[PDB]
Every structure is written in C-alpha cells, then in structure tokens.
Amino acid sequence: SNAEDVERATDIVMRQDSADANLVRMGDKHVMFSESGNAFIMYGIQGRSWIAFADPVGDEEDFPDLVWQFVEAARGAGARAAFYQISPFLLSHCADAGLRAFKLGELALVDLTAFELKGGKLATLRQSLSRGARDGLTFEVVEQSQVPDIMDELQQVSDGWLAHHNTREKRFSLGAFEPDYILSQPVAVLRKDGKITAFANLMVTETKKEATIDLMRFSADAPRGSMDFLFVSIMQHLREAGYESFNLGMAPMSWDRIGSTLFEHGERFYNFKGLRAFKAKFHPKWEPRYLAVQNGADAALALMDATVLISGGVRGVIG
Amino acid sequence: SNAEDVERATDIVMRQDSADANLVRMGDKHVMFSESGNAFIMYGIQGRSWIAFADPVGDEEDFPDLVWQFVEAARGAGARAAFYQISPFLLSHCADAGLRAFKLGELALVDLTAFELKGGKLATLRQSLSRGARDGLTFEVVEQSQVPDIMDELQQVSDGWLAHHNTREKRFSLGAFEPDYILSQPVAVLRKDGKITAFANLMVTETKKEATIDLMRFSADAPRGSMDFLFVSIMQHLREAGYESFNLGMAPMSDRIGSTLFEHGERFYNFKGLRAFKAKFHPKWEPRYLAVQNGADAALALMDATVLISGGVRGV
C-alpha cells in the first residue's frame with residue numbers, strides 16, 4: 001500500500017545524510033523504489049510532467065538504474081521527465097539519461113563545527129541571543145514523544161500565521177501543518193510569557209551529517225529579533241548535539257527567457273524562511289541546486305507544473 | 001473596509017449581465033472602484049504581477065478610466081499589469097494602455113430561447129433526461145433560504161469529491177466550498193434515491209441575461225449520464241425561469257507562448273466538462289484573452305495567475 005511505501009521510504013531516509021528527504025513523510029508524493037528496495041525517488045505528477053523531488057534517496061549504487069527507471073516511466077506515460085532541486089552529485093546520472101541542468105538557486109549550508117558564537121566573528125549574533133532573552137524569549141527543542149503536549153498550542157500559532165499572511169498551505173517541496181506529520185519529528189519552539197510564539201519542525205537523520213527546518217511560523221506578536229533568536233538557538237542546539245551542518249534552505253541567486261522564469265521562481269518560493277542577506281549573516285557556504293530536463297523549452301513548461309504541485313497540488317494523507 | 005467593498009461590488013454585479021462577476025463574493029480578490037463607484041475591477045497580486053480577473057464590471061462608461069487606473073496602479077507598485085480572460089470588447093481599452101492580447105480559449109454560450117429539448121435537433125439529450133430519471137435521478141434548484149437544510153450533506157459530498165480526486169480547493173477564477181459563499185447563491189442538486197449525489201452553485205444576476213455555474217461536484221457513486229442529466233435539467237429550469245443564456249464556461253481551443261497556453265487550457269478549463277461535452281448543446285463559441293505588455297510577459301504573467309488560482313490567498 002501507499003502507507004507501507006512511505007514507512008519504508010522513511011526508514012531509508014533515517015539511515016542516510018540528506019535531511020530534506022524527510023519530506024516523504026508528508027505522504028503527498030508518489031514513491032518509486034529501486035530493484036533492491038534500498039533506494040527511492042519521490043515524485044509528483046502534474047499535467048504533462050512527472051517531477052521528482054530532489055535526488056534519489058538511499059543506496060547510491062541504485063541511483064543510475066533508478067534515474068533511468070524514472071525517465072522511462074515518465075516517457076511511457078507520455079510525460080516529460082524532470083528532477084527539481086537536484087544536487088551536483090546527481091548531474092552525471094541525469095546527463096547519462098539525456099537531461100540538461102539549469103541552476104535554480106543555492107542552499108545556505110552552515111558548518112556547525114566552525115560556528116563559534118563566543119568568537120568575535122559572530123559577536124552580533126551572540127548579542128542578539130542575549131537581547132532576545134532580556135525581552136523574555138526562551139527556546140526549547142521538543143522531542144517527538146513530547147509534541148502531543150504542545151499540539152494545541154502549535155495549531156493556534158500555525159492558524160494565526162496562515163490568517164495573518166492571508167495564505168494557504170503548500171505541498172511537494174514544502175510540508176504543511178498536518179498533525180500526524182508534525183507529530184513525527186522534533187519541534188523547535190520559541191516562548192514569551194510562558195506562551196509559544198514561534199515554531200519550526202526539525203528534519204534530521206540518524207547520521208547527524210545535516211539538519212534543516214521545514215515549516216517556520218511566528219505569531220504576529222513575536223518580538224523583533226525572534227528570527228535571529230530562533231536560528232541562532234537552533235544552530236547552537238544542533239552544534240552541541242553533534243550535527244555537522246545546518247541547511248538554511250534555498251535562496252535565489254545574487255538562457256534569457258528561461259532566466260526570467262528562474263528568477264521569478266526563486267522569489268516565489270525561496271523567501272519564506274528569511275531573505276538571502278539574512279542567511280548570509282551565518283556565513284554559510286552556498287551550494288547550487290538544479291532543475292534537470294530534456295530541453296530548454298521543457299524547462300519553463302516543467303517549472304510551471306512544479307509551480308502547481310507546490311502551490312496547490314494533491315490533498316495528500318490526512319488524519 | 002474589504003467586507004464593505006465586497007458588498008458594494010456584489011450590488012453592482014446583480015444589476016449587470018455577466019454572471020461570472022459573482023466570483024467577487026468569495027472575497028479573495030482585491031476590488032478597485034471607479035470614481036463614480038458604479039464599476040469595479042477585481043484582481044489579484046502575485047509576485048511581480050497584478051492580474052485582473054475578467055472584464056471590469058458595471059457601468060461601461062467607467063471602463064476606460066478603470067483600465068488606465070489599474071495599469072497605472074500596477075506600474076506604481078513596480079508590477080506588470082495583466083488582464084486574465086477578458087472579452088473582445090475590452091481589447092481596445094487594453095491596447096490604449098500598450099497591452100497586446102493572446103487568445104486563451106473560448107466560452108461555450110447556449111441560447112436558452114432556442115433550446116428546444118422536445119424538438120428533433122436535441123433527441124439524444126432528451127433521451128438522456130428520461131434515462132437519468134429511470135436510473136432514479138431527481139433534480140432541484142435549492143434557493144438561498146433552504147441551503148442551510150442541505151449544507152451538512154453538501155459538505156460531505158464536497159469533502160468526498162476532494163478526497164476522491166486527491167485534490168485541493170482553488171481560488172481567483174474558481175470558487176471554493178466555503179459555507180458563507182455557498183449560502184449566498186442558489187444550488188442545483190442531483191439526488192439518486194434519497195441522497196445528494198451531485199451539486200453545483202448557480203451564478204445569476206437580476207437581469208436574467210446569463211447564468212453559469214462555479215463548483216460542479218459529483219460523488220464517485222453518481223451514475224453514468226449524471227452530467228447530461230444535470231446540465232439538461234439546469235438548462236430547462238433556466239429556460240422556464242426566463243433566462244436568455246447559460247454559460248458553460250471556458251474550454252480549451254486546440255510557438256513557446258502557444259505551448260504555454262495549450263497546457264494552461266488543459267490545466268484549468270476541463271473541470272466542468274470536456275469541449276466535446278459542451279459542444280453537444282450547440283453553443284456559440286466566444287473567445288477570451290490574456291492581455292499583457294508583450295510576448296515575454298505572457299508566460300510570466302500566466303505563471304503568476306496559475307499560483308493565484310492553484311494556491312493563492314486564504315480569503316474571507
């Protein structure tokens with residue numbers, strides 16, 4: 001069944017390094033396993049495109065056959081094949097299958113082993129941490145088993161945030177506030193006056209190579225400096241627990257037509273959890289991600305289908 | 001206030017001919033009024049685009065200044081101005097502001113004064129009505145004061161449809177199942193046995209020149225021929241009530257711009273019947289357009305429109 005597929009895929013996710021592969025847990029993406037069952041591709045189907053989300057996940061030795069399987073399955077259904085936000089490691093597999101790569105933007109990766117808050121280089125970030133604390137802000141990472149005790153309070157903040165921004169939930173490359181999904185991972189929370197004013201679900205794996213956040217929401221009353229406070233706090237917590245890196249997520253960049261399209265796509269989806277300049281304060285290394293498609297014409301058409309998958313898309317699994 | 005603007009826009013809608021102007025009731029679109037307050041443009045803001053939905057609505061004398069007001073307002077905000085699904089009549093107002101037009105598709109308009117069901121030309125459809133009735137189908141237009149009595153059952157049929165098609169509600173050019181919105185207009189309902197198996201909200205005005213539907217949802221258990229039964233029953237009802245036409249909505253028509261428009265059509269104009277289905281009612285086909293400053297902006301604007309309809313604003 002689909003539920004059994006998601007469970008198995010999640011078990012694969014926890015034994016590998018990519019933290020965003022935890023997005024399979026939302027259950028809104030189709031899953032295709034390799035012959036061995038040790039690797040998988042997660043994807044969406046929209047209009048005339050089959051769109052895989054990021055890289056294949058799991059045992060790397062299965063990636064060449066999986067990529068080919070996906071491209072052939074899309075061709076067999078009369079659809080174009082495309083990979084959305086793949087890493088440099090996957091470009092060779094994609095080129096072997098006849099695809100071209102277009103840079104979509106860059107992930108801001110913070111090396112937590114060199115993130116020294118008591119050093120002169122991050123003095124401002126340190127000062128913001130103590131200033132947030134004087135304003136009455138406190139931080140905690142709530143482990144999976146304790147999330148039920150704050151569920152009602154998380155739900156209120158999430159609804160308040162949706163209403164305040166007059167916006168709706170997303171899908172595919174972004175998670176949504178679905179109780180079972182929120183219950184499956186740790187939650188970083190921010191409190192003021194004994195009340196949760198912000199939260200972010202943490203995506204981690206058992207290898208500790210990388211951690212990232214998915215949703216990030218603040219009550220309209222969260223004080224100035226709450227984003228600095230939350231991020232600095234998350235990075236310090238992760239550093240002390242032994243994670244090597246923290247992924248701040250995609251940022252737009254700092255071939256002409258498709259160039260305009262990529263530029264507006266960046267602004268449309270890569271600014272929900274801080275602007276590029278905000279991410280730059282943590283001194284991240286910038287790693288590129290790509291859209292892999294057959295031709296340049298298909299690029300724009302595939303990105304449009306991807307836009308629907310993210311903006312509207314499937315209902316998904318609901319409790 | 002926004003609620004106050006929605007109310008005023010609605011009063012303007014009920015006194016004019018375009019039935020789809022009733023979408024302003026969803027409260028998800030910004031409203032810009034003309035100086036006299038007898039006309040308005042309803043629009044959305046997404047990315048670097050301001051997208052007007054359809055034509056200005058109301059007193060046609062105010063249309064030229066409104067089109068200009070809208071384009072200027074968007075220029076002042078640093079955004080491209082675009083008009084989504086405008087009629088042939090508005091192309092000159094847009095051309096005066098430097099916008100060219102691209103055909104999006106065509107509306108199927110059925111002349112209800114010449115819709116003769118028990119006449120030779122509609123033999124097939126007449127037989128689908130009798131077959132539907134034999135299969136135990138009944139039809140009824142529920143007025144506003146009675147919608148509360150079937151709201152719980154409509155909610156279940158709507159929720160079952162979303163789950164069955166594994167889809168989400170839309171916005172902007174399409175309404176959603178939101179109680180206050182569904183309660184504001186009549187609902188055409190289809191029953192099999194003693195149970196609602198399909199529904200569609202009816203959009204009408206006091207002029208009776210046109211009616212159309214917005215949502216159209218059939219439970220997975222609805223029998224084969226339910227669509228024929230509902231549309232034929234809707235048309236007979238509207239014809240007997242004195243309506244001149246029934247708008248079946250946009251349909252696809254069918255070089256990089258052409259591909260975009262083609263995939264756009266399949267993505268949004270096939271929710272309430274395929275082109276072939278609408279054609280059986282012998283409608284006159286009327287073109288609708290996308291107006292933008294130039295060719296390059298067309299795909300960009302249409303992408304912003306796609307977000308506005310697929311995701312978009314939470315609304316009221």
Side-chain angles (χ1 to χ4, degrees), chain A residues 166, chain B residues 1-45 50-70 73 83-87 89-90 93 107 109 112 141-148 151 171-188 200-215 234 237-238 241-247 249 288 308 312-316:
Chain A
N166 190 20
Chain B
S1 67
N2 297 334
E4 177 178 308
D5 295 346
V6 174
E7 292 173 358
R8 174 53 183 169
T10 304
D11 286 342
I12 293 168
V13 168
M14 296 312 284
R15 304 194 305 274
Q16 58 74 60
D17 298 339
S18 175
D20 74 335
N22 278 283
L23 289 168
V24 74
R25 295 169 181 272
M26 271 277 295
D28 65 324
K29 292 171 284 292
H30 299 289
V31 175
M32 179 185 285
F33 293 95
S34 60
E35 166 54 31
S36 70
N38 299 327
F40 71 91
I41 280 178
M42 63 180 130
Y43 65 102
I45 293 176
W50 278 40
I51 304 180
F53 171 66
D55 299 341
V57 179
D59 184 341
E60 293 188 350
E61 302 298 330
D62 295 330
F63 287 22
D65 287 342
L66 262 176
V67 173
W68 181 242
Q69 182 182 355
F70 177 82
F83 287 88
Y84 180 72
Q85 295 188 13
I86 55 169
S87 73
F89 177 68
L90 273 289
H93 307 72
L107 290 176
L109 303 186
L112 296 175
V141 168
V142 180
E143 72 173 34
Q144 292 79 337
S145 65
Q146 303 303 304
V147 176
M151 180 59 40
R171 291 293 187 273
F172 193 74
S173 63
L174 296 166
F177 194 92
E178 208 297 319
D180 290 342
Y181 175 62
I182 302 305
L183 290 168
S184 65
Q185 295 179 118
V187 183
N201 55 337
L202 271 168
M203 304 198 300
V204 298
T205 77
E206 297 172 19
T207 66
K208 296 183 173 298
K209 272 43 186 292
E210 194 185 51
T212 189
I213 61 171
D214 174 28
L215 292 64
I234 283 172
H237 174 83
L238 294 170
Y243 291 86
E244 289 188 2
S245 67
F246 182 61
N247 183 337
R288 288 293 181 275
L308 219 43
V313 305
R314 185 161 210 74
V316 179

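Values reported hereafter were calculated over all heavy atoms of this structure, with side chains retained and with hydrogens, waters and symmetry mates removed. In what follows, every chain begins at residue 1, and chains take the letters A, B, ... in the order their sequences are listed.
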Return yes if some donor-acceptor pair links the side-chain N/O of B:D214 with the main-chain N/O of B:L202 below 3.5 Å, else return no.
no

What closest approach, in Å, do B:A176 and B:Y181 show between heavy atoms, and which atom pair accounts for it?
O-CD2, 3.4 Å

B:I182 side, atom CD1; B:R25 side, atom CZ - distance, nearest 0.5 Å:
11.0 Å

Donor-acceptor contact below 3.5 Å, side chain B:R8 vs main chain B:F33
no

Sub-3.5 Å donor-acceptor pair from the side chain of B:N247 to the main-chain atoms of B:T212, do we have one?
no

Separation of B:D20 CG from B:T205 OG1 (nearest 0.5 Å)
11.0 Å

Nearest heavy-atom approach of B:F246 to B:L238 is CD1-CD1, 3.4 Å

Whether the side chain of B:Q16 engages the backbone of B:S18 through a donor-acceptor N/O pair (distance < 3.5 Å, no angle test) should be reported.
yes

What pair of heavy atoms forms the shortest contact from B:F40 to B:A9, and how long is it?
CE2-O, 3.5 Å

What are the two closest non-hydrogen atoms of B:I41 and B:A52, and how far apart are they?
CG2-CB, 3.9 Å

Relative to each other, are the rings of B:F53 and B:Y84 parallel, tilted or perpendicular (30° and 60° limits)?
tilted

Of all heavy-atom pairs linking B:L23 and B:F172, the shortest is CD1-O, 4.2 Å

If only atom types and distance count, is the side chain of B:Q185 paired as donor or acceptor with the main-chain N or O of B:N201 below 3.5 Å?
no

Looking at side-chain heavy atoms only, is the closest gap between B:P56 and B:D62 below 4.5 Å?
no

So, for B:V204 and B:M14, which heavy atoms are closest and what is the spacing to 0.1 Å?
O-SD, 3.3 Å

Atom pair CG/CD of B:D55 and B:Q85 - distance to nearest 0.5 Å
10.0 Å

At what distance, to the nearest 0.5 angstrom, does CG of B:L308 lie from CZ of B:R171?
11.0 Å

Look up atom CG in B:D59 and atom CZ in B:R15, then write down how far apart they are to the nearest 0.5 Å.
9.5 Å

Would B:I45 and B:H30 satisfy side-chain contact (heavy atoms from CB on, under 4.5 Å), going step by step from the backbone distance to the final call?
CA-CA 8 Å; B:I45 293 176; B:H30 299 289; 4.0 Å; yes

Please examine the side chains of B:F83 and B:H93, heavy atoms only from C-beta on, and report whether any two atoms are closer than 4.5 Å.
no

In this structure, are over 12 heavy atoms from other groups packed under 6.0 Å from B:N2 atom CG?
no

Here the gap from B:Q144 atom CD to B:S184 atom OG, rounded to the nearest 0.5 Å, amounts to 7.5 Å

Given side chains that start at C-beta, do those of B:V13 and B:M203 come closer than 4.5 Å, heavy atoms only?
no

